[PDB]
Amino acid sequence: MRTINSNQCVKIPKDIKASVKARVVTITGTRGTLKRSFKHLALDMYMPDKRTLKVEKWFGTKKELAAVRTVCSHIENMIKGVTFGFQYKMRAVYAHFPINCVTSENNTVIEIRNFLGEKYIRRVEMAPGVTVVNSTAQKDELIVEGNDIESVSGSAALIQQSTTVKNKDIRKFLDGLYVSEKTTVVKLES
Amino acid sequence: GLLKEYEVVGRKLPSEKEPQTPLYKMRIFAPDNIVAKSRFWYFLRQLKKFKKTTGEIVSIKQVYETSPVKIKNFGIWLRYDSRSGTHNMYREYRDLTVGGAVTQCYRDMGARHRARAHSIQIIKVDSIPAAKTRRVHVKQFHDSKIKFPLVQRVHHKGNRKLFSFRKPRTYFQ
Amino acid sequence: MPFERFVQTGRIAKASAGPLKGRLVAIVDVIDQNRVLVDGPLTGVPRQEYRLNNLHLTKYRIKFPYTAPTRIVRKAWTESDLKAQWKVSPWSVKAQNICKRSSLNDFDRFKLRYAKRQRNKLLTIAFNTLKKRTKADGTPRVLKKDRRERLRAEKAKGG
Amino acid sequence: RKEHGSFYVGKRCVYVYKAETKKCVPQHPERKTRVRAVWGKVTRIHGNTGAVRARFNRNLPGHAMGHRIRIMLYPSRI
Amino acid sequence: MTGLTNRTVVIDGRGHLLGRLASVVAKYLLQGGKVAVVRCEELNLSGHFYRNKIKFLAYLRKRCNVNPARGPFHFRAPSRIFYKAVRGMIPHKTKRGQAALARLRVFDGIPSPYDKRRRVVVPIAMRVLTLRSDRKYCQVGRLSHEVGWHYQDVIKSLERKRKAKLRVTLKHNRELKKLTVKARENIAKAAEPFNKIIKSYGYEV
RNA sequence: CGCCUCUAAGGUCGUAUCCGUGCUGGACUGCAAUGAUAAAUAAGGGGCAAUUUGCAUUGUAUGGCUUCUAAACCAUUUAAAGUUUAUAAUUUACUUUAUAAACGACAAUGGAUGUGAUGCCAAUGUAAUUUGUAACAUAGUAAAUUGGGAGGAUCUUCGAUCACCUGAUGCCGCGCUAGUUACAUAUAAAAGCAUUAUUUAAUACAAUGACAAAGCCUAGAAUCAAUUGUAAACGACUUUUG
RNA sequence: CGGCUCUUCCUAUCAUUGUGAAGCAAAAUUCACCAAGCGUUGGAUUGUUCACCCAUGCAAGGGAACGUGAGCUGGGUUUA
RNA sequence: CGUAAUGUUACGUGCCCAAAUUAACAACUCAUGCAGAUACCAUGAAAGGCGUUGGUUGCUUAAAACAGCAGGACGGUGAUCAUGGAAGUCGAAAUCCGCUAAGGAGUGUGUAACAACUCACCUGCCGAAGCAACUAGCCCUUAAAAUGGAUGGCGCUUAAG
RNA sequence: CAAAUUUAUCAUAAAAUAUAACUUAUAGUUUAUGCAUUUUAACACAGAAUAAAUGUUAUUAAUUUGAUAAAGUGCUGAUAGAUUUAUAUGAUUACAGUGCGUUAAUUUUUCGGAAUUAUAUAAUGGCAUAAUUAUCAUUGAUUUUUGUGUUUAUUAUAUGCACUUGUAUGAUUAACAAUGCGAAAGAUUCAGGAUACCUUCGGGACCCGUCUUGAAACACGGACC
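Visitor: So what exactly am I meant to see when it comes to the overall build of chain D here?
Guide: Across its full length, chain D carries 1 helix and 4 strands. Going residue by residue from the N terminus, the α and β elements of chain D occur as α-β-β-β-β. Whereas a compact globule of 78 residues would reach a radius of gyration of roughly 12 Å, chain D reaches 15 Å, over 25% beyond that. Relative to its 78 residues, chain D shows a buried fraction of 15%.

As structure tokens, this is what we get:
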């Protein structure tokens, strides 16, 4: 019924310097900086010179005012992703054949091999800005960490969609690397 | 057209066995008074006997909204014929005149329910205040102080210049 | 904000394309999302609805209640000093130059083709021999540095 | 618009074009009769956008389509 | 130098829906036109991309069986996609409309005098006035890259040459009229034919 | 739709499919680069012409003269986007950021901002013969020639591509505006007072044209016939001929 | 009428590619989705056309121009 | 329905093509292999859609619900029904009991039979509308043919449906 | 014709919101993030005053906004057309207008000027009754044939004689002006012309005879003279 006004106001902490210009929200914290252009979207985005950032919509239908909380959580991911970061943890479960995961310096990629006793060496590139490593002090485990949540989580699930098991019962051959705990780096733990 | 309201009054012309038949009246919404005197007869054939030829039309007079610049919500009790389908509705519109709200209802039923207008009987039309309306697209406007920034204009076509030299620019500042 | 055209009370908007084209209404109430209730007492507008297409919003917002009659609206135009403010507003000036340019009598047309021609002759003379690639040198010094000597010396002629 | 195409209503039109050969002399200016013309009047307007309707003495051959017709400012009203 | 009003209208095809520009052009060209459309890689089509890609791939399927060389030639450049729309809105099997089609030049990416010439828009074909916020649209330059036109990135490199030639001809013409604004204070005492007579147009001019 | 959710925006993996590449044809005859550039030497062809002429016609220009806009809005982004300028910070770049103002799709702007600040006009003659002659405060401007660097090429209106342009050599040292004010001089009346009429061109700017009209430069190829046999129904084709 | 020859098209998908599902452990199969690119044969009997038989085959899908007699053949049908 | 001139008329007015991209509006609809586009007429149904739009009925509600992070859900007992087997449960004649702020002889792929567990109850925070059922607009789905192809064509998506 | 909304207008009026006193609140902020200053487009349809606060109560003037209707109302600008042999066998017919016209008052710009009032007869309205006829509802109202004065208005008739470039010309089209002389033999000017074509362009446009419910028919006939 074309609602008049739908709006949402994002509180921004004391340190990071968000500055929305023409829709493009850039944001800058301790662990780096991050710009996302929301200009696919036909929305208000202005920072009323407080800490905060306001996002508004005038005369949107019912679908069009669902994107208010979408974009007001994409920015709230960014205030983590430059302050606390992201760190995924996928845990490489196997039955018989061990899973061999090799990354090096600084070799952002991975080579994931011996699955399932297969000669073929799966190699998959992590996204720009995300580093994969083998997890020290808990082995048979990976640590995918970066800044942007859509390039961390696309980089975990790139290597979760391969390794995958074909032509077998997929309820029995529970083999691969599956994400255990999607987490932030510095607060509190890892 | 635009559908102003009338009071059509009718009798049953009194054969001498019966003196002074009881005089029913209406509230007919119609484009003109020639069509208000076959909406009287359509609606009264549901209600009393006496068709035409066997009745009379006593005074049909037009009624002129009693506050044309006061601003008020009109509830319309309707019933229509859908494709499978006699239903009732209660629709609410926001206007200044009462023939202008009924005509804002005869378009809306055509848009939303395909309702070509011979299917719509109007029961009642009121001027309900506020905190008696329900109809969320009318309660949008029941709050001072309402703002809404505009985006709406005309954009001539072709123009006073078809091949323009300076780009209309939907925005400024 | 980016602050587009606020539909308020009493945001003075100038009508744009209807039968009120050119006059400055106020806005007292919003009928629906497409129509308001326009009322300019000091400018030849009785109270009536108007479609928001044919309106163009100014920057002025006078204050009266949302359900006011025409005398309260007329009282508030005067207290705001809106007539004296509007005719000196940044591009109500621009309105009256197009009104001046409008349709422009034949004597006034051909007077300006005469009056623009004469200062255009005065403006191609104040033009375009800067510091660039003279000094030094400009050989031959007698004749391709003849004319600018009167910009330079100024007296008299090379010489 | 309609108001614009009615200024020309009443006025005299011409289709002027070129030929080569006379069957005439320099009786008047000095011609091989080497420019033709076919006059006419604007009778009325046509749409809602300032088109117009004309009625020439001969008939306008059709390869004239796209070519220039001239709206003389006379028979002059204001 | 000439044209039946001006030299030719050069329409910049950037920001214009394809069929709402192809009809005002085809009407204008039957009236005696001479237009040019430049930047035909930037015209728009409404609806999302795959919806238009589908429509073109179905166009590619029409071909005469007994000879495909007779059949509908499927030109793939974004300028000769636009010419396909205009040719349908013309009678092209009469001499009147074939002469109307001969007054049409269409270019993928703005060369050769129409880069220093004058670009006009057609504000009824323009996409930002007609379509809605949250309708989807594409460009013909993306559509043509996915169907067999090889010069998408020829004419992207060709254009940023042309858009860096313009970076200095707007650096000259911005300082070269820092002097026209200078010179209009040294002829302030003209006689007085600016000081009063061009208060006919007259607060700005 | 406080959670959830592959979806609503937005990302993504991705088929023996699809579309291209590679391969085969090529608008008969489309386009681009390039090579030579005639029967010569008495005499005439061919350019280079645009200067070369009267001459004659062409197109625009219609009774100066009913025009140019080949100077402009940036590239990509976009219906709360999208804009300017200013200033303090900054660029490989109106780099990016921070405050403050401005019409926050007005009339505006849809034409003239005439977007290197336009002209039917300078000439104080503004036009079918016309031209112009001096003093007082402003103004300083377009001007022709021979040996270096930086720059310009998107299916073409002249590529031994070249226009601001190193330091050199000399002149017509010529023509000049605008303004106040003064003077000479000259053209101009188409016969009609229902001056509309062939509705035109002596005008100027660009372009061909032929008959006697001045020089600068130039000095070939193709095809047939014969030959080959990488080819061939015939053409055509690959070849060769002091 | 069939067969022979030869080309193109459909998808109502037999197989293969990419998949989802099983009462999917593997193997084998079944159900479904995107999907018409390549393929879909050699014989005995009958003029057949389907079905059947031997066999090969990873695997042996269904049809369109009544496709096709100045293409043939002339076995069926059909003049004396 | 003689032969002409002028004017005015149902079908139409984005371009083909005469006339609106209407200084006329309110809505509806996004269609990934025919979105849809004028009668007759050139087909398409039954039945669906937490796609969106409107509408009708009933409950919960400004006693604090709805959602969610936070509790229990075992048992008076394998009463019996019962051996794939019923200990909170296929079936099931039958049917009666916990506790309080608050726990189901309890629906289950089959967890051989057991366990737990958790969609009720109710103390929370939340503090504002929530819940279902129903209806008929459009779109989708249902919707599969053979030359290449047809709203007449182009093309249209704050429409040109 | 209702609308007493429009507008101003009184009456105690009680509201469905703006103006002057202000606590908190996010605040790039200030100094010691409170305040200081903003934001009010957090401002409490909160506190004080005031604001028709909705009509309630009132009456109205731009005749009471708009709509419908009527008055050669009037004016303006166009477009197309204009039979007409007024006797190759029946009035140029009547109408109307303009020019010399006894007066006398009353005014008028002051010009050959112009207006008015004064004459009889016949009506017709408006008004005041008295009759009469006959009906919606009848306190009355409407109506037919009258009558007479009271009266105040308006039309008609009373314009004869002679003359003249003023309507139907009894389907009117008629004028001013420009161009152009039908030369003794033969030019020229203007307009027109599918003569048989050719050129150019836009619209239209299937192949005839035939039998047929239906032919361009993939029905038959017809290569041409």
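Visitor: It is not clear to me how the arrangement of the chains should be interpreted in this structure. Could you clarify?
Guide: No other pair among the 7 pairs of chains in contact exceeds the contact count of chains B and C. If you take every C-alpha in chain A and every C-alpha in chain D, the smallest gap between them is 34 Å, and the two do not touch. The least C-alpha distance between chain C and chain D, which are not in contact, is 13 Å.

Visitor: Could you clarify how one ought to interpret the interface of chain B and chain C in this entry?
Guide: Accessible area lost upon the coming together of the parts serves often as the stated size of an interface. Counting residues at the interface gives 18 residues for chain B and 21 residues for chain C. Counting the surface chain B buries against chain C, the share from its top three residues, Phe148, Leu150 and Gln152 of chain B, is 29%. A salt bridge links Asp95 of chain B to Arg35 of chain C; its shortest N-O distance comes to 3.4 Å. Applying the counting criterion to the chain B and chain C interface returns 10 residue pairs in polar contact. Its residues assigned to classes, the side of chain B that touches chain C comprises 10 nonpolar, 3 polar and 5 charged. Where strand β8 (residues 149–150) of chain B meets strand β1 (residues 5–6) of chain C, 2 bridges bridge the pair, whose relative direction is antiparallel. Paired with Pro149 of chain B across the bridge in β1 of chain C is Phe6 of chain C.

Visitor: Is there a simple way to explain the protein's contact with RNA strand F in this structure?
Guide: The environment of RNA strand F is formed by 132 residues, the closest being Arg23 of chain A, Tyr171 of chain B, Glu4 and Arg117 of chain C together with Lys116 of chain E. Counting only the atoms of RNA strand F that lie within 4 Å of the protein, the sugar and phosphate share comes to 51%. At 2.9 Å, a backbone N or O of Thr170 of chain B approaches a sugar or linking oxygen of RNA strand F. Here a phosphate oxygen of RNA strand F sits 2.4 Å away from a polar atom, N or O, in the side chain of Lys59 of chain C. Residue contributions to the surface near RNA strand F peak at 10 residues, all from helix α7 (residues 154–175) of chain E. Looking at the surface near RNA strand F, its residues break down into 47 nonpolar, 28 polar and 57 charged.

Visitor: How should I be thinking about the packing of aromatic side chains in this particular structure?
Guide: For any two aromatic rings, the description comes down to two numbers: the centre-to-centre distance and the angle of the planes. What the rule picks out here adds up to 13 aromatic pairs over all chains. Where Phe7 of chain D meets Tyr8 of chain D, the ring centres are 5.2 Å apart and the plane angle is 75 degrees; that geometry is what we call edge-to-face. Seen from their ring centres, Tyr15 of chain D and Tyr17 of chain D are 4.7 Å apart, and the 20 degrees between their planes marks the pair as stacked. Linked through ring pairs, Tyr24, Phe40, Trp41 and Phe50 of chain B together constitute an aromatic cluster. A cation over a ring is seen here: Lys124 of chain B above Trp77 of chain B, with NZ or CZ 4.3 Å from the ring centre.

Visitor: Help me understand the layout of surface pockets in this model?
Guide: If a probe as big as a water molecule is rolled over the atoms, it shows which places are left empty. Residue and element names in this part refer to chain B. If you add up the space inside the second largest pocket, you get close to 600 Å³. Residue lining of the second largest pocket: 28 residues in total, with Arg27, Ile28, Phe43, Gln121 and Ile122 positioned closest to the centre. Among the secondary structure elements, those contributing two or more residues to the lining of the second largest pocket are β2 (24–25), β3 (28–30), α2 (39–44), α3 (99–113) and β7 (121–128). Per element, the largest residue contribution to the lining of the second largest pocket is 5 residues, and it comes from β7. Here the lining of the second largest pocket is built from residues that sort into 18 nonpolar, 3 polar and 7 charged.

Visitor: Explanation requested: the sheet that holds strand β3 (residues 24–25) of chain C in the structure shown.
Guide: The strands making up a sheet associate through hydrogen bonds between their backbones, and the pairing can be parallel or antiparallel. Residues and elements named next belong to chain C. The sheet built from 3 strands is open, its strands ordered β3-β2-β7 with antiparallel pairing. With one partner strand each, in any of the chains shown, β3 and β7 (55–61) form the two edges of the open sheet. Bridge analysis of strand β2 (residues 11–15) against β7 gives 4 bridges, and the strand direction is antiparallel. Following the sheet pairing, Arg11 is matched in β7 by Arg61.

Visitor: Could you clarify how one ought to interpret the nonpolar core in this entry?
Guide: What tends to happen in soluble globular proteins is that the nonpolar side chains get buried as a cluster. All names here are of chain E. Counting residues in each nonpolar core, the largest one holds 38 residues, and the members touching the most others are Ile11, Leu21, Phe82 and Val86. Of all the elements in the fold, those that place two or more residues in this core are β1 (9–12), α1 (18–30), β2 (35–38), α2 (49–60), α3 (78–88), α4 (95–102), β4 (104–106) and α6 (140–145). Here this core gets 9 residues from one element, more than from any other, and that element is α1. Contact partners of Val86, with chain neighbours within four places excluded, come to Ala22, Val25, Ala26, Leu29 and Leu104.

Visitor: I'm lost on α7 of chain E in this one. Help?
Guide: It helps to recall that an α-helix has 3.6 residues per turn; residues three or four apart then point in one direction. Residue and element names in this part refer to chain E. Here α7 spans 33 Å end to end across 22 residues, near enough to the 32 Å set by a 1.5 Å rise per residue. Listed as buried for α7 are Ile155, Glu159 and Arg162. Viewed end-on, α7 has its buried residues packed into an arc of 65 degrees, placing them on one side of the element. Turned more than 90 degrees away from the buried face of α7 sit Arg160, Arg167, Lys171 and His172, all of them exposed.

Visitor: Any chance you could explain the interface of chain E and chain C here in plain terms?
Guide: Listed as interface residues are 16 residues of chain E and, on the opposing side, 18 residues of chain C. In total, about 1800 Å² of surface goes out of reach between chain E and chain C, with carbon and sulfur atoms giving 70% of it. Applying the counting criterion to the chain E and chain C interface returns 0 salt bridges. Between the two partners, chain E and chain C, sit 3 residue pairs in polar contact. Residues belonging to the side of chain E that touches chain C are distributed by class as follows: 10 nonpolar, 3 polar and 3 charged.

Scoring rules and cut-offs
- Residues numbered from 1 in each chain as written, not as in the entry; some residues may be left out.
- Chains lettered and ligands numbered in written order.
- Part of a larger assembly, values for the part shown.
- Heavy atoms only, no water.
- Helix = DSSP H or I, 4+ residues; strand = E, 2+ residues; numbered from the N terminus.
- Rg over C-alpha atoms; globule rule 2.2 N^0.38 Å.
- Buried < 20%, exposed > 50% of the residue type's maximum accessible area, 1.4 Å probe, protein only.
- Contact = heavy atoms within 4.5 Å.
- Buried area = accessible area lost by both parts, 1.4 Å probe.
- Salt bridge = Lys/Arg side-chain N within 4 Å of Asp/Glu carboxyl O.
- Polar contact = N/O pair within 3.5 Å; in protein donor to acceptor, adjacent residues only side chain to side chain.
- Nonpolar A, V, L, I, M, F, W, Y, C, P; charged D, E, K, R; others polar.
- Pairing = 2+ DSSP bridges.
- Near = heavy atom within 4 Å.
- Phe/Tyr/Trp six-rings, centres within 6.5 Å; stacked < 30°, edge-to-face > 60°.
- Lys NZ or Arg CZ within 6 Å of the ring centre and 35° of its normal.
- 1 Å grid on protein atoms, 1.4 Å probe; cavity = no way out; pocket = protein on both sides within 12 Å on 5 of 7 lines; lining within 4 Å.
- Points joined across faces, edges and corners; volume = space filled by probe spheres on them.
- Core = buried A, V, L, I, M, F, W, Y, C linked by side-chain atoms within 4.5 Å.
- Expected span 1.5 Å × (residues − 1).
- Arc of directions from axis to C-beta.

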